[PDB]
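Notes to accompany the following structure.
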Amino acid sequence: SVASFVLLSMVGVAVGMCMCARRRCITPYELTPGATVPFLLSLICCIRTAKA
Amino acid sequence: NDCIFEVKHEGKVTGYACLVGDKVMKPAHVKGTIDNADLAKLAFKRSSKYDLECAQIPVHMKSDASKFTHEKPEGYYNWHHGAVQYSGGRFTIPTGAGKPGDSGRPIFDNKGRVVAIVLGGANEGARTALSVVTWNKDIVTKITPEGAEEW
Amino acid sequence: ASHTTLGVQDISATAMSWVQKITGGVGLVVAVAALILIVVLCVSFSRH
Ligand SMILES: CC(C)CCC[C@@H](C)[C@H]1CC[C@H]2[C@@H]3CC=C4C[C@@H](O)CC[C@]4(C)[C@H]3CC[C@]12C
């Protein structure tokens with residue numbers, strides 16, 4: 001039980017701080033008008049475009 | 001001028017087809033029949049990704065096709081309904097100029113060249129945003145402002 | 001019979017060796033088609 005809890009907590013920390021990295025890398029593009037996010041970066045960070 | 005062919009549905013006009021370069025183009029969302037029989041009959045091709053509906057002009061007897069240009073400098077252009085302001089990556093129109101069922105009318109530059117084709121618009125407030133189909137040097141693209149409903 | 005009954009995959013021998021070649025080739029064609037379709041779809045979504 002302790003090992004399962006530790007490993008699940010590590011996985012949760014990994015995904016949460018991956019989300020944190022996503023937010024940090026994405027917010028400046030969502031602040032800049034025009035939002036010409038390259039398609040490769042949209043695929044990598046799994047985002048939607050604001051201009052359709 | 002007068003390079004526009006009417007697309008008539010059974011009981012009314014639904015859209016407009018235009019001769020650009022070597023091809024006749026129509027909005028693929030417009031249901032109806034081409035006014036000219038030689039073009040209504042002509043085997044006709046469909047692409048829903050850009051909502052565009054193409055065929056090759058019988059250039060032997062259609063030499064009046066309009067000329068085009070992929071350059072989009074900032075400023076004013078002509079829409080058969082007033083002046084369109086191309087600003088940023090968008091076209092803006094006076095809200096009362098366009099109406100549903102008028103899709104397919106091209107946008108002219110100051111030289112009489114087709115720059116883009118209106119596929120629809122968006123009730124934008126003090127203006128209306130114009131959702132169009134334009135082209136780069138080699139490829140077409142569709143500009144769809146948010147909230148644009150079908151015309 | 002002193003031997004036991006055998007299943008589908010057991011009797012297959014060099015016929016199995018053959019269907020390996022045939023399935024490998026045809027599935028390779030399928031995989032190439034899948035790669036072409038995937039790259040075409042990826043390029044298509046880059047044009048908006
Ligand atoms: C593709 C060509 C070249 C070869 C294909 C051979 C196949 C169709 C042949 C190989 C010999 C055969 C099998 C050998 C043994 C068994 C197990 C038995 O309980 C039922 C029949 C069954 C299942 C046979 C069915 C048909 C079979 C699988």
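By order in the structure tokens, chains are A, B, ...; within a chain, residues start at 1; ligands start at 1, following the order shown.
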Residues of chain C within 10 Å of chain A, using only C-alpha atoms, as a list in words?
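Matching residues, ligands excluded from the count: residues 42, 43, 45, 46, 47 and 48 of chain C.
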Restricting it to N, CA and C atoms, dump the selection as a PDB file, in the first residue's frame.
ATOM      1  N   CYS C  42      -1.860  15.269 -41.075  1.00  0.00           N
ATOM      2  CA  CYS C  42      -1.056  16.219 -40.312  1.00  0.00           C
ATOM      3  C   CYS C  42      -0.744  17.461 -41.136  1.00  0.00           C
ATOM      4  N   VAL C  43      -0.431  17.281 -42.420  1.00  0.00           N
ATOM      5  CA  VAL C  43      -0.182  18.429 -43.287  1.00  0.00           C
ATOM      6  C   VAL C  43      -1.460  19.238 -43.482  1.00  0.00           C
ATOM      7  N   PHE C  45      -4.004  19.750 -41.457  1.00  0.00           N
ATOM      8  CA  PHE C  45      -4.306  20.573 -40.294  1.00  0.00           C
ATOM      9  C   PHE C  45      -3.321  21.719 -40.109  1.00  0.00           C
ATOM     10  N   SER C  46      -2.226  21.738 -40.866  1.00  0.00           N
ATOM     11  CA  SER C  46      -1.288  22.849 -40.827  1.00  0.00           C
ATOM     12  C   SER C  46      -1.666  23.975 -41.776  1.00  0.00           C
ATOM     13  N   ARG C  47      -2.763  23.829 -42.521  1.00  0.00           N
ATOM     14  CA  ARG C  47      -3.143  24.782 -43.555  1.00  0.00           C
ATOM     15  C   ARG C  47      -4.374  25.599 -43.175  1.00  0.00           C
ATOM     16  N   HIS C  48      -4.561  25.892 -41.894  1.00  0.00           N
ATOM     17  CA  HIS C  48      -5.697  26.704 -41.471  1.00  0.00           C
ATOM     18  C   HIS C  48      -5.236  27.872 -40.606  1.00  0.00           C
TER      19      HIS C  48
END
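Those protein and nucleic acid residues that have any atom within 10 Å of ligand 1 are, using only C-alpha atoms and all ligand atoms, residues 5, 6, 7, 8, 9, 10, 11, 12, 13, 14, 15, 16, 17, 18, 19, 20, 21, 22 and 23 of chain C.
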Just to be explicit: take each residue in the selection above, keep N, CA and C atoms, and write the result as a short mmCIF file (atom, residue, chain, number, x, y, z; two decimals), in the first residue's frame.
data_model
loop_
_atom_site.label_atom_id
_atom_site.label_comp_id
_atom_site.auth_asym_id
_atom_site.auth_seq_id
_atom_site.Cartn_x
_atom_site.Cartn_y
_atom_site.Cartn_z
N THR C 5 -5.75 -34.89 -30.71
CA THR C 5 -6.27 -33.92 -31.67
C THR C 5 -5.52 -32.60 -31.54
N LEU C 6 -5.40 -31.89 -32.65
CA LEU C 6 -4.56 -30.70 -32.74
C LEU C 6 -5.41 -29.50 -33.11
N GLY C 7 -4.98 -28.31 -32.67
CA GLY C 7 -5.72 -27.10 -32.91
C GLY C 7 -5.40 -26.44 -34.24
N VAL C 8 -5.96 -25.25 -34.42
CA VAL C 8 -5.87 -24.55 -35.70
C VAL C 8 -4.42 -24.20 -36.02
N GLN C 9 -3.70 -23.64 -35.05
CA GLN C 9 -2.36 -23.13 -35.32
C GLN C 9 -1.34 -24.25 -35.40
N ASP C 10 -1.68 -25.43 -34.89
CA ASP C 10 -0.68 -26.49 -34.75
C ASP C 10 -0.31 -27.10 -36.09
N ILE C 11 -1.30 -27.39 -36.94
CA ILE C 11 -1.06 -28.15 -38.16
C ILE C 11 -0.39 -27.31 -39.24
N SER C 12 -0.11 -26.04 -38.95
CA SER C 12 0.07 -25.07 -40.03
C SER C 12 1.45 -25.14 -40.70
N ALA C 13 2.51 -25.47 -39.97
CA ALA C 13 3.83 -25.82 -40.54
C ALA C 13 4.34 -24.80 -41.56
N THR C 14 4.85 -25.22 -42.72
CA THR C 14 5.37 -24.29 -43.70
C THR C 14 4.28 -23.52 -44.43
N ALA C 15 3.03 -24.00 -44.40
CA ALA C 15 1.93 -23.14 -44.82
C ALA C 15 1.84 -21.92 -43.92
N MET C 16 2.08 -22.12 -42.63
CA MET C 16 2.17 -21.00 -41.70
C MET C 16 3.35 -20.12 -42.05
N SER C 17 4.48 -20.74 -42.40
CA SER C 17 5.61 -19.96 -42.90
C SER C 17 5.21 -19.09 -44.10
N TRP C 18 4.32 -19.61 -44.95
CA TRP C 18 3.89 -18.88 -46.14
C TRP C 18 2.92 -17.75 -45.78
N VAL C 19 1.97 -18.02 -44.89
CA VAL C 19 0.95 -17.03 -44.58
C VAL C 19 1.64 -15.92 -43.79
N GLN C 20 2.73 -16.25 -43.09
CA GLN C 20 3.57 -15.20 -42.52
C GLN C 20 4.07 -14.22 -43.57
N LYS C 21 4.63 -14.73 -44.68
CA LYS C 21 5.08 -13.84 -45.75
C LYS C 21 3.93 -13.03 -46.33
N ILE C 22 2.81 -13.69 -46.61
CA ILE C 22 1.70 -13.00 -47.26
C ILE C 22 1.13 -11.92 -46.35
N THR C 23 0.88 -12.26 -45.08
CA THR C 23 0.36 -11.30 -44.12
C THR C 23 1.35 -10.17 -43.89
#
Using only C-alpha atoms, find each residue in chain B having at least one atom no more than 8 Å away from chain A; report its shortest atom-to-atom pair and that distance in Å (one decimal), rows by chain then rising number, as JSON lines.
{"residue": "B:144", "atom": "CA", "partner": "A:52", "partner_atom": "CA", "distance": 7.1}
{"residue": "B:145", "atom": "CA", "partner": "A:51", "partner_atom": "CA", "distance": 7.1}
{"residue": "B:146", "atom": "CA", "partner": "A:51", "partner_atom": "CA", "distance": 7.1}
Once DSSP has gone over the backbone, tell me which residues of range 1-47 of chain C are in helix (DSSP H, G or I), as a PyMOL selection string.
chain C and resi 10-44
From the list A:2, A:16, A:11, A:41, which residue is nearest residue 29 in chain A when using only C-alpha atoms?
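Of all the options, A:41 lies closest to residue 29 in chain A.
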Restrict the distance test to only C-alpha atoms, flag each residue of chain B within 12 Å of chain C, and return the flagged residues as a ChimeraX atom specification.
/B:49-50,133-136,138-144
Going by DSSP on the backbone, which residues of range 46-112 of chain B come out as strand (DSSP E or B)? List them as a VMD selection string.
chain B and resid 46 to 47 52 to 56 66 68 75 to 78 83 to 87 90 to 93 106 to 108
Residue nearest residue 22 in chain B among B:52, B:39, B:57, B:4 (counting only C-alpha atoms):
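Of B:52, B:39, B:57, B:4, the one nearest residue 22 in chain B is B:57, counting only C-alpha atoms.
Note that the spacing between CA of residue 13 in chain A and CA of residue 45 in chain A amounts to 17.6 Å.
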Need the shell around residue 33 in chain A: protein/DNA/RNA residues with any atom at most 12 Å away, counting only C-alpha atoms. Skip same-chain ones fewer than 2 positions apart. Format as an mmCIF file with C-alpha atoms, in the first residue's frame?
data_model
loop_
_atom_site.group_PDB
_atom_site.id
_atom_site.type_symbol
_atom_site.label_atom_id
_atom_site.label_comp_id
_atom_site.auth_asym_id
_atom_site.auth_seq_id
_atom_site.Cartn_x
_atom_site.Cartn_y
_atom_site.Cartn_z
ATOM 1 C CA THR A 27 0.183 31.870 -21.266
ATOM 2 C CA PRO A 28 2.481 34.317 -23.153
ATOM 3 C CA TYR A 29 0.989 33.147 -26.454
ATOM 4 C CA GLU A 30 -2.521 33.623 -25.055
ATOM 5 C CA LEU A 31 -1.584 37.153 -23.989
ATOM 6 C CA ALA A 35 -1.993 34.224 -31.250
ATOM 7 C CA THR A 36 -0.117 32.715 -34.202
ATOM 8 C CA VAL A 37 0.752 29.525 -32.344
ATOM 9 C CA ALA A 50 -8.268 31.141 -30.292
ATOM 10 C CA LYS A 51 -8.680 32.212 -33.938
ATOM 11 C CA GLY B 88 -5.191 42.829 -39.471
ATOM 12 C CA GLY B 89 -6.171 39.401 -40.717
#
With only C-alpha atoms as the basis for distance, which of B:147, B:75, B:106, B:58 is at the shortest distance from residue 27 in chain B?
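Checking each candidate against residue 27 in chain B, we get B:106 as the closest.
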Spatial neighbours of residue 3 in chain B, 10 Å, only C-alpha atoms, chain gap at least 5 places, as a list in words:
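Here the answer would be residues 17, 18, 19, 20, 62, 64, 65, 66, 105 and 106 of chain B.
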Can you write just those residues out, N, CA, C and O atoms, as an mmCIF file, in the first residue's frame?
data_model
loop_
_atom_site.group_PDB
_atom_site.id
_atom_site.type_symbol
_atom_site.label_atom_id
_atom_site.label_comp_id
_atom_site.auth_asym_id
_atom_site.auth_seq_id
_atom_site.Cartn_x
_atom_site.Cartn_y
_atom_site.Cartn_z
ATOM 1 N N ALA B 17 -21.908 32.429 -58.298
ATOM 2 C CA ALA B 17 -20.693 31.791 -58.773
ATOM 3 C C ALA B 17 -19.907 32.772 -59.630
ATOM 4 O O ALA B 17 -20.485 33.584 -60.358
ATOM 5 N N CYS B 18 -18.584 32.693 -59.541
ATOM 6 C CA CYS B 18 -17.711 33.675 -60.169
ATOM 7 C C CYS B 18 -16.601 32.998 -60.956
ATOM 8 O O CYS B 18 -16.144 31.909 -60.599
ATOM 9 N N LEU B 19 -16.157 33.663 -62.015
ATOM 10 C CA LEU B 19 -15.073 33.166 -62.854
ATOM 11 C C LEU B 19 -13.782 33.847 -62.415
ATOM 12 O O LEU B 19 -13.585 35.037 -62.675
ATOM 13 N N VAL B 20 -12.905 33.100 -61.752
ATOM 14 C CA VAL B 20 -11.622 33.614 -61.292
ATOM 15 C C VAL B 20 -10.531 32.825 -61.999
ATOM 16 O O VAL B 20 -10.507 31.588 -61.931
ATOM 17 N N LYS B 62 -15.362 31.280 -72.499
ATOM 18 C CA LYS B 62 -15.404 32.191 -71.349
ATOM 19 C C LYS B 62 -14.039 32.865 -71.234
ATOM 20 O O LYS B 62 -13.162 32.402 -70.502
ATOM 21 N N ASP B 64 -13.931 36.141 -70.335
ATOM 22 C CA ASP B 64 -14.210 37.301 -69.501
ATOM 23 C C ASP B 64 -13.959 37.031 -68.022
ATOM 24 O O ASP B 64 -14.387 37.819 -67.173
ATOM 25 N N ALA B 65 -13.284 35.929 -67.699
ATOM 26 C CA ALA B 65 -13.020 35.595 -66.307
ATOM 27 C C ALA B 65 -12.174 36.675 -65.648
ATOM 28 O O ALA B 65 -11.266 37.241 -66.262
ATOM 29 N N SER B 66 -12.480 36.960 -64.387
ATOM 30 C CA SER B 66 -11.786 38.011 -63.662
ATOM 31 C C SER B 66 -10.372 37.578 -63.295
ATOM 32 O O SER B 66 -10.074 36.387 -63.165
ATOM 33 N N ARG B 105 -20.032 36.484 -53.857
ATOM 34 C CA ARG B 105 -19.587 37.699 -54.525
ATOM 35 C C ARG B 105 -18.138 37.985 -54.146
ATOM 36 O O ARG B 105 -17.827 38.104 -52.958
ATOM 37 N N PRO B 106 -17.233 38.111 -55.107
ATOM 38 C CA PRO B 106 -15.825 38.322 -54.769
ATOM 39 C C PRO B 106 -15.572 39.727 -54.246
ATOM 40 O O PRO B 106 -16.389 40.638 -54.391
#
For range 91-97 of chain B, work out the shell of residues within 12 Å, counting only C-alpha atoms and skipping chain neighbours fewer than 6 positions away, then give it as a PyMOL selection string.
chain B and resi 72-85+107+115-134+143-145
Separation of CA of residue 114 in chain B from CA of residue 71 in chain B, in Å and rounded to one decimal
10.2 Å
To one decimal in Å, tell me the separation between CA of residue 32 in chain B and CA of residue 8 in chain B.
5.0 Å
